[PDB]
Every structure is written in C-alpha cells, then in structure tokens.
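*Asks:* Structure, please.
(one chain, ligands or ions: 1)
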Amino acid sequence: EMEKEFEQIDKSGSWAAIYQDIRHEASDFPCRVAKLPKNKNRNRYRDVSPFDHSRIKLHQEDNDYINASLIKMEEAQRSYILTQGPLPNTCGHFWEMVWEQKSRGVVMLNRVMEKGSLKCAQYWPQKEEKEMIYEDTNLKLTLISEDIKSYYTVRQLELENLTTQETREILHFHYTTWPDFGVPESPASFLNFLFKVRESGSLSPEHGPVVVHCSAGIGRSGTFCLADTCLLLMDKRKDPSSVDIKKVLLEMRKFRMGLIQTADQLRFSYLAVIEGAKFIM
Ligand SMILES: [Mg+2]
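*Replies:* Numbering: from 1, shown residues only. Have a look at this structure:
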C-alpha cells in the first residue's frame, strides 16, 4: 500500500484535490497570544502562528512569547519543536528556548538568503574566534567545529548559560540544498540527512525535543517530522502498511497550523517515506 495510492494520485493527477482536503479537515485552535500587538515583531509571517495550547513558553517572563510549537506524537514516542527562522530581534529568544527545553539539536532546512531575500537571521557564529553574546537572554554561543558536505553541514556549537556558567554541546544540522522553488527531485539526500540527525541522538528521549525550522517553520519543517514519524511507525507496528500519512499529517496539524505548504510538498513527503521504508530492511 501507499505505493498504490501514490501511483493512483500520479496517473489521475489529483495532488491538489488530496491536499485541499487536508487543509479543509485541518484543526483550527486559537492563537490569542501570538496576535497580541506586543508580539507583532516576534512573528515573521502574519498567517503563521503557534496555537495557544501547544506554544512553547519562554521562562524569562515579561514576555514569554516565541513563534514555536511542540508537536507531541504519542504513538511514535517522538517530540519536535517547530519554529520560524529567527528574526533579528528573536535570536536571543531562540537560544533561550533551546536552553530551557534542553534540546540537543537544531535542524535547519533553509539558507539564510533565498530568492534574493533574507529568510532567516544569522543566529550562529561562523568563525571559532568570533563568538556571539546574546545580552537580553544572557547566553554565549561559540562555534566549536564545522563539517561541510555536499548536501548538508554539521556544526558543533557550545551554548553557555552566563548566569549559571553551565555549558552544553548543541549540534547544528543544516540542510543546504533544498531548491529555491518547489521540492527536490529525489528524496535521497533528504533521507540521508534525516538518518544523520537520528544517528546523533538528537531525536532520542534522553534529550529535550529537537528544534526544527525553515523560514516559516511549517513547510520543509513539516516534511522533516512527517517523514521521520511515518518511518518510525512503520518500524513499530505489525503491518506497516497501516500507516496512513494523511492521518499522521492531520495529527501533527493539531499542534501547528499549515504543516506541508504545497501539494508538491505532500507528494515529496509521500515519496520520501516510501523510499525511506525500502532502505530499512
Ligand atoms: Mg579559521
């Protein structure tokens, strides 16, 4: 199965129809806090907000808002934090979240600049000797090492909480080759990226949830966790053909709006899972 559906939707050409049905059935929940006037500058897009019920709260109060959601997958025993690309004014808040939630990894699925426009602040240091200090949230960030490969980069970062003096090692997994328009033609490198993040331990229960983002934190970000979770379920269940990707997507959409932004992203999600399932045997 799944193959059968993918093949049928392809030859019938009904990806938009299938995808619009998902948007129709998707959950709606309030975003009261996001839409507060004081949080205008904390949101990259006006149509992408975290639900109040699943929003991640910062502890350093006065303002606890950040555009990020906890996607908690019960059956798969997997949690993710999906968030927007940090803004110039929210880089401190982002590393505060990473700290307070005890995350081990940050997964980044966008370039800083795409289509001639800045889609993300430069929130991590690029030279070892030029560390970053975030004074508002009181954190120091140092680049420890960098490993540039053809489809992705991995960085070891050191996050220091300056008020306690504790330090943590954070792994930055940066997927660099997602095309400016649409989706990749083969999911091979995206899957190799997924398995590389898995292999680090960054998705395991011992740590806080992985922090995942693209620009809006719903498109490519949603593709990443949808594929991961579907692939887990196929390992866990008796009869792995019971895994319905649309149902899993609707479950994730209970926790964050607009996950999977296009019908090509849906098609690609299917494609990744199918091929990813064939690798694990
Ligand atoms: Mg150097």
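
*Asks:* for the protein, what spans make up the strands?
*Replies:* Using DSSP state E, the strands of the chain run over 68-73, 78-83, 105-108, 113-114, 117-118, 132-134, 139-148, 152-161, 167-175, 210-213.

*Asks:* what's the most buried one of the ones you listed?
*Replies:* strand 210-213 (a mean of 26; mean count of other Cβ atoms under 10 Å). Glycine gets a C-beta too; all of them are placed from N, C-alpha and C.

*Asks:* And the contacts of that one?
*Replies:* 68, 79-86, 94, 97-98, 101, 103-110, 120, 197, 202-203, 221, 224-225 (Cβ atoms under 8 Å, 6 or more residues apart in numbering).

*Asks:* now do 7 Å
*Replies:* Outside strand 210-213, the residues within contact range by Cβ atoms under 7 Å, 6 or more residues apart in numbering are 80-85, 97-98, 103, 105-108, 202-203, 221, 224-225.

*Asks:* same deal with stretch 88-95?
*Replies:* By Cβ under 7 Å, 6+ apart, stretch 88-95 touches 41-42, 58, 66, 86, 121, 123, 134, 136-137, 139, 141, 159.

*Asks:* want to try JSON lines for those, with distance to residue 175 as columns?
*Replies:* Converted to JSON lines, the contacts of stretch 88-95 look like this (distance: Cβ to Cβ, whole Å):
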{"residue": "41", "distance to residue 175": "28"}
{"residue": "42", "distance to residue 175": "25"}
{"residue": "58", "distance to residue 175": "26"}
{"residue": "66", "distance to residue 175": "22"}
{"residue": "86", "distance to residue 175": "17"}
{"residue": "121", "distance to residue 175": "18"}
{"residue": "123", "distance to residue 175": "16"}
{"residue": "134", "distance to residue 175": "24"}
{"residue": "136", "distance to residue 175": "29"}
{"residue": "137", "distance to residue 175": "26"}
{"residue": "139", "distance to residue 175": "24"}
{"residue": "141", "distance to residue 175": "20"}
{"residue": "159", "distance to residue 175": "21"}
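
*Asks:* re the thing from before, and the strands of the chain as JSON lines, adding distance to residue 281?
*Replies:* Shown next, in JSON lines, are the strands of the chain (distance: least, Cβ to Cβ, whole Å):
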{"stretch": "strand 68-73", "distance to residue 281": "23"}
{"stretch": "strand 78-83", "distance to residue 281": "21"}
{"stretch": "strand 105-108", "distance to residue 281": "25"}
{"stretch": "strand 113-114", "distance to residue 281": "36"}
{"stretch": "strand 117-118", "distance to residue 281": "42"}
{"stretch": "strand 132-134", "distance to residue 281": "44"}
{"stretch": "strand 139-148", "distance to residue 281": "29"}
{"stretch": "strand 152-161", "distance to residue 281": "24"}
{"stretch": "strand 167-175", "distance to residue 281": "25"}
{"stretch": "strand 210-213", "distance to residue 281": "25"}
